[PDB]
Amino acid sequence: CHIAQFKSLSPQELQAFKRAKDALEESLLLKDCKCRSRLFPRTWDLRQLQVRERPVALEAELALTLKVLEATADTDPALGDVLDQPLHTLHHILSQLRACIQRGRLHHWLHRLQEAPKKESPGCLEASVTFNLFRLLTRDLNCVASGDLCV
Amino acid sequence: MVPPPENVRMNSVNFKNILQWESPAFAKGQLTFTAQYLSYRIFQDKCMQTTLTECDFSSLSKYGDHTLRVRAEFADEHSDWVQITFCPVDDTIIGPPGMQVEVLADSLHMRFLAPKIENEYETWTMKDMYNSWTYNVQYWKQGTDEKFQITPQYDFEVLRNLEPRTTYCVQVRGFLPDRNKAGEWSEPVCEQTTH
Amino acid sequence: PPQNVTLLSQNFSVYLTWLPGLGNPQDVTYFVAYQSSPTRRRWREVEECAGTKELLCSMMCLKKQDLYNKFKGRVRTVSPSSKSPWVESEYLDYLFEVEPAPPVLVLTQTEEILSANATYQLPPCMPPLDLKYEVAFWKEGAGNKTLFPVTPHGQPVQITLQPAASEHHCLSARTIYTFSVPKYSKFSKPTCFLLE
Ligand SMILES: *[C@@H]1O[C@H](CO)[C@@H](O)[C@H](O)[C@H]1NC(C)=O
Ligand SMILES: *[C@@H]1O[C@H](CO)[C@@H](O)[C@H](O)[C@H]1NC(C)=O
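Chains as they are written, first to last, in my numbering: chain U, 1 to 151; chain S, 1001 to 1195; chain F, 2001 to 2196.
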């Protein structure tokens, strides 16, 4: 598994994500982003999940983030150009994470993540994926790439 | 139809991605070349109508694959797409680390400076891009041409038990054991140990 | 109410700083709360800083605090018989506005080699950041300072030492924190002594 390279992202890539996050937040200022349930805010951290379950949890969160951001980019061209490089990088990370993974908290989290797109407004979904972007890229992705070291 | 560019390649040392092509023969006049990179799903464009046969793609993302394309145009007519694929993580060429060797009596103290990335900052070097980065040092006495190899754990090493009043040449390179990729050797620096 | 209220960052932590009101009595007391950009409705109050008179409050880690999004704080002066309106500071994004502190150097003189490690008193809840330290080394009385390459945190700096002894050599270290752009810190106070 070649995910260990995502323990730290290049500062230039983090600058691109910051530009995208700012642009998305500016668009959110106008859109109505009210959620029926705070699905993205995660009470527990991947560290609590077993080292084997941390990847699948991150994969579902990353897939939702990518899906919502992809739709946002298609809806607004002004967001499309700034979100292009972030979306490309996120998809590459998603491919590596999937190519890395050959009841409890995890099952409920997966079910909630799957049911969220079909029960929540797109605006609040994009708000949640926007405000969780650096949470996913600095706190989760780092622990998943670290592997056994993260504890 | 105007001819497409010939020998389109991407030389990228220390993530300094440069697309080069040779301008095909055209007696009508000078040719202007446009280059594009497939960002996500849409082809964004750089180096529009560039008279030069060189384009800079170092602004590309360092993670994942990229699809680049270049073409030549004379007024309205244009060439065909010449499409290549570039993977910066492994298609890049690892440059030679800088070397600082000091003779201390009968020993050599060598410090290795990681190959810098111009697009990135002095903190983000090629040592941090590759988590499996290590240094390989190759030293030999002049004349015998019998190379000896060591693998320092950090960017500093000491060679001891050296014959006195004798000159040794040394080189250092970066290596990635998890993928078995080696950078180019530094220029051999030769230093004399005396008493 | 406080005149200038600033949410600043230093030593890897965040603080709220204010100044006494112009007409506020000496028995002035202050209450401070914080809010996050994701949730504009919630205004959770800082328990440790509640009822403090210190013009400085620490908002490094509080209950249900997100350091991955920008957050702001507000402070009000609570008189024994009256309360002033809250005065809110500016938003502070931790991952882009945190000021690193200089590292603590640990020196070990091995035969013909000086090893200088950097240790950090990081907050327990600080996000995982990229910390590197550059080491300047020189001789007292001379302006020629040799500046060594940046070294990742958790890895010592090895300086070659000449056989010469009874010499005045001094060292300093500067932290470079890199998330999107490098933020430098002041060089640590030169703690040095005779070697060998
Ligand atoms: C607040 O800052 C201003 C500068 O804009 C300064 O004139 C004033 O004295 C400060 N307030 C106090 C109480 O010092
Ligand atoms: C240097 O310090 C780091 C932590 O600050 C430690 O992990 C490492 O083992 C130390 N290296 C030494 C003492 O050589």
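Just so it is clear, CB atoms sit at the ideal spot from N, CA and C, and this is done for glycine as well.
Query: Go to S:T1067, then tell me how far its beta strand (DSSP E) extends in each direction, as first and last residue.; Result: 1066-1074
Query: Taking all protein chains shown into account, decide if U:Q85 is buried (16 or more other Cβ within 10 angstroms of its Cβ) or exposed.; Result: buried
Query: F:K2139 to S:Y1139, Cα distance in whole Å?; Result: 32 Å
Query: Alpha carbon to alpha carbon, how far is F:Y2184 from F:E2134?; Result: 10 Å
Query: Of all the residues that make up the stretch 2146-2161 of chain F, which are near chain S by a beta-carbon distance shorter than 7 Å?; Result: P2149, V2150, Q2155, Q2158, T2160
Query: Using only the alpha-carbon positions, how far apart do S:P1177 and S:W1133 sit?; Result: 8 Å
Query: Using only the alpha-carbon positions, how far apart do S:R1173 and S:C1190 sit?; Result: 16 Å
Query: Could you list the residues in the stretch 10-21 of chain U with a C-beta less than 7 Å from some C-beta on chain F, going in chain order?; Result: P11, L14, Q15, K18
Query: Counting beta carbon pairs with one atom in the stretch 2115-2130 of chain F and one in the stretch 1090-1102 of chain S, are three or more of them shorter than 8 Å?; Result: no
Query: Heavy atom of ligand 3 less than 7 Å from the Cβ of F:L2055, yes or no?; Result: Ligand 3 is not among the ligands present in this structure, which contains only ligand 1 and ligand 2.
Query: Between which two residues does the alpha helix (DSSP H) containing F:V2046 stretch?; Result: Looking at the DSSP string, F:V2046 is not in any alpha helix (DSSP H), and its letter there is neither H nor E.
Query: So with Cβ pairs under 8 Å, would you call U:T89 a contact of chain S?; Result: yes
Query: Taking a cut-off of 5 Å, which residues have a beta-carbon closer than that to any heavy atom of ligand 2, in chain order?; Result: F:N2117, F:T2119, F:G2154, F:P2156
Query: Which one or two residues does DSSP pair with S:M1010 in a beta bridge?; Result: S:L1019
Query: Mind checking whether the beta-carbon of F:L2016 lies closer than 7 Å to any heavy atom of ligand 1?; Result: no
Query: Just to confirm, is the Cβ distance from U:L69 to U:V129 under 8 Å?; Result: yes
Query: Taking only runs that begin and end inside the stretch 1055-1123 of chain S, name each unbroken beta strand (DSSP E) of 3 or more residues, in chain order.; Result: 1066-1074, 1082-1086, 1098-1104, 1107-1113
Query: Any chance the stretch 2004-2022 of chain F sits against the stretch 2055-2073 of chain F, with 3 or more Cβ pairs inside 8 Å?; Result: yes
Query: How close, in whole Å, do the beta carbons of F:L2147 and F:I2113 come, if the pair is a contact with beta carbons under 8 Å?; Result: Contact doesn't hold; Cβ gap of about 19 Å is too wide.
Query: Can you grab the Cα-Cα spacing for the pair S:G1029 / S:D1076, in whole Å?; Result: 14 Å
Query: Taking 7 Å as the cut-off, is the CB of F:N2024 close to at least one heavy atom of ligand 1?; Result: no
Query: Could you give the C-beta distance for S:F1086 and S:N1017, rounded to a whole number, given that I count them as a contact under 8 Å?; Result: 7 Å
Query: With hydrogens ignored, establish whether the beta-carbon of F:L2019 is closer than 7 Å to any heavy atom of ligand 1.; Result: yes
Query: Measuring from the CB of F:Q2121, is there a heavy atom of ligand 1 at a distance below 7 Å?; Result: no
Query: Apart from the five residues on each side of it in sequence, which residues of its chain come closer than 6 Å, Cβ to Cβ, to S:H1066?; Result: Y1037, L1060, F1086
Query: Below 8 Å CB to CB, which residues in the same chain sit around S:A1182 once its five sequence neighbours on both sides are set aside?; Result: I1094, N1136, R1173, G1174, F1175, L1176
Query: Residues of the stretch 1025-1044 of chain S with a CB closer than 8 Å to any CB of chain U: list them in chain order, please.; Result: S1039, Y1040, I1042, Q1044
Query: Can you list the residues of chain S that U:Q114 reaches, using a CB-CB cut of under 7 Å?; Result: Near U:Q114 there are no residues of chain S at all, since even the closest Cβ is about 25 Å away, more than 7 Å.
Query: Taking DSSP's pairing of strands, which residues face S:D1045 in a bridge?; Result: S:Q1036
Query: Please state if the CB of U:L125 and the CB of U:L94 are separated by a distance shorter than 8 Å.; Result: no
Query: Flag this pair as yes or no: are the beta carbons of U:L87 and U:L113 separated by less than 8 Å?; Result: no
Query: Can you tell me where the beta strand (DSSP E) holding F:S2172 begins and where it ends?; Result: 2169-2178
Query: Can a CB atom of chain U be found closer than 8 Å to the CB of S:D1056?; Result: no
Query: For F:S2166, count neighbouring Cβ atoms within 10 angstroms of its own Cβ and tell me buried if that reaches 16, exposed if not.; Result: exposed
Query: Can you name the residues of chain S whose CB is closer than 8 Å to the CB of F:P2182?; Result: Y1121, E1122, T1123
Query: With 8 Å as the threshold, decide whether the Cβ of F:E2099 is near any Cβ in chain S.; Result: no
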